Amino acid sequence: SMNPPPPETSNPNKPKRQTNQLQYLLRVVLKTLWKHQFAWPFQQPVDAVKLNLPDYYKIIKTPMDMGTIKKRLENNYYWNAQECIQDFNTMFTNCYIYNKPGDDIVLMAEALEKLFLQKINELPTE
Ligand SMILES: Cc1[nH]c(-c2csc(N=C(N)N)n2)c2c1C(=O)CC(C)(C)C2
């Protein structure tokens, strides 16, 4: 089996910005989720080879993970906060699509998503 190329974290002809909201997404949102006890399945792209999940990238066609998000934020890849919020939501949705209610990985995603929502609720005005 083979893994796909990971999502890009740099693209020189994509216009970039730093906004106060994107700074909050790195310094508050990403940092809070990244340090959580349940972060570790989400800190890098799913390695379908090592996990023996040959169907993962047959089912998940828009993969996303916090390692990618972290690099995108550190590289100022985004134009706006909504792009980054969408990446987080894609990561969570992929987990719920591939897995089953009650699976450990789903409980982990749910805990991280609760914290994500608590922090996003306090996103500063631009
Ligand atoms: C988002 C995600 N991550 C991992 C995983 C397993 S082992 C490991 N190791 C790291 N160092 N991240 N990550 C998985 C997953 C799934 O949705 C499906 C699954 C639970 C079968 C396996």
Side-chain angles (χ1 to χ4, degrees):
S1 165
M2 355 180 65
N3 290 313
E8 65 180 29
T9 57
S10 57
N11 184 339
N13 282 337
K14 181 181 190 296
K16 311 303 196 316
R17 283 196 306 188
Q18 300 172 299
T19 70
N20 65 312
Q21 294 181 329
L22 283 161
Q23 288 169 340
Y24 179 94
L25 279 160
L26 177 57
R27 296 200 209 112
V28 177
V29 182
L30 185 284
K31 179 188 182 173
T32 291
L33 274 63
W34 187 267
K35 72 188 189 185
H36 194 277
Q37 287 286 310
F38 294 164
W40 60 270
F42 306 97
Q43 287 175 326
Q44 54 291 106
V46 172
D47 186 344
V49 177
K50 194 175 297 306
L51 282 160
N52 194 40
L53 309 171
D55 69 347
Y56 185 83
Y57 291 108
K58 172 65 179 183
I59 295 161
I60 299 306
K61 300 300 190 189
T62 309
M64 186 53 57
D65 64 281
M66 293 203 294
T68 296
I69 293 167
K70 182 176 182 292
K71 284 175 203 161
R72 285 179 173 192
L73 288 166
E74 290 170 344
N75 289 346
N76 305 299
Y77 174 86
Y78 298 112
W79 187 259
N80 66 34
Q82 184 52 222
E83 284 183 287
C84 176
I85 289 164
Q86 179 59 255
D87 282 349
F88 276 104
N89 282 325
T90 294
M91 177 181 78
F92 295 130
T93 296
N94 288 344
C95 184
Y96 304 144
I97 289 174
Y98 185 76
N99 302 282
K100 336 187 296 294
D103 284 350
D104 281 340
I105 191 76
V106 172
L107 298 173
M108 296 167 89
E110 284 172 342
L112 297 172
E113 191 182 16
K114 179 176 180 176
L115 286 170
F116 173 74
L117 290 162
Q118 293 175 316
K119 298 308 187 185
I120 245 48
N121 186 58
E122 289 193 21
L123 187 71
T125 63
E126 181 170 331

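One is the number of the first residue; the rest follow in order along the sequence. Atom set for the values below is all heavy atoms of this structure, side chains included, hydrogens, waters and symmetry mates excluded.
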Is there a continuous path of hydrophobic side-chain contacts, each under 4.5 Å between heavy atoms, that joins [X] to [Y]?
X      : Y      : value
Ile120 : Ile69  : yes
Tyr98  : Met66  : no
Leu53  : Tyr96  : no
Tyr57  : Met2   : no
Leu25  : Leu115 : yes

Quick check against the 3.5 Å criterion: does [X] have a side-chain atom that pairs as donor or acceptor with the backbone of [Y]?
X      : Y      : result
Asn121 : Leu117 : no
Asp103 : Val106 : no
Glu83  : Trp79  : yes
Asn75  : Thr9   : yes

Stepwise side chain to side chain contact (heavy atoms under 4.5 Å, CB included) check, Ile105 with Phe42: CA-CA 10 Å; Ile105 191 76; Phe42 306 97; 3.7 Å; yes
Find out whether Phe88 and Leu30 are in side-chain contact, i.e. whether some heavy atom of one side chain is under 4.5 Å from a heavy atom of the other. yes
Test item: side-chain donor near acceptor, [X] and [Y], under 3.5 Å:
X     : Y     : value
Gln86 : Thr90 : yes
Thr68 : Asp65 : yes
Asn3  : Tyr56 : no

Could you state the interatomic distance from [atom1] ([X]) to [atom2] ([Y]), rounded to the nearest 0.5 Å?
X      : Y     : atom1 : atom2 : value
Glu110 : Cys95 : CD    : SG    : 8.5 Å
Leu26  : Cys84 : CG    : SG    : 8.5 Å
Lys50  : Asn52 : NZ    : CG    : 11.5 Å

From CA spacing to verdict: side chain to side chain contact (heavy atoms under 4.5 Å, CB included), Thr19, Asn80: CA-CA 7 Å; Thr19 70; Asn80 66 34; 5.9 Å; no
Do you know the tightest heavy-atom contact between [X] and [Y]?
X      : Y      : value
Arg17  : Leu22  : O-CD1, 3.8 Å
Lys119 : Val29  : CB-CG2, 3.7 Å
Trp40  : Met108 : NE1-CE, 3.6 Å
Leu51  : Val46  : CD1-CG1, 4.1 Å
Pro124 : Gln21  : O-NE2, 2.9 Å
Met91  : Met64  : CG-O, 3.5 Å

Applying side-chain hydrogen bond (donor to acceptor under 3.5 Å, both in side chains), run through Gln23 and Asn20 and close with a yes or a no. CA-CA 5 Å; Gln23 288 169 340; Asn20 65 312; over 6 Å; no
Which of these, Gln18, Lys16, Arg72, sits in a side chain to side chain contact (heavy atoms under 4.5 Å, CB included) with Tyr78? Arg72
Please say whether the positively charged group of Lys70, taken as NZ for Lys or CZ for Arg, lies over the ring of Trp34, i.e. under 6.0 angstrom from the six-membered ring centre and within 45 degrees of the axis. yes
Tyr77 six-ring face occupied by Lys14 cation (under 6.0 Å, within 45°): yes
Give a yes or no on this: more than 12 heavy atoms of other residues, nucleotides or ligands lie within 6.0 Å of atom CD of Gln37. no
Show the numbers, then the answer: is there a side chain to side chain contact (heavy atoms under 4.5 Å, CB included) between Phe38 and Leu33? CA-CA 8 Å; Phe38 294 164; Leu33 274 63; over 6 Å; no
For the pair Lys58 and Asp55, find out whether any cationic side-chain nitrogen is under 4.0 Å from an anionic carboxylate oxygen. no
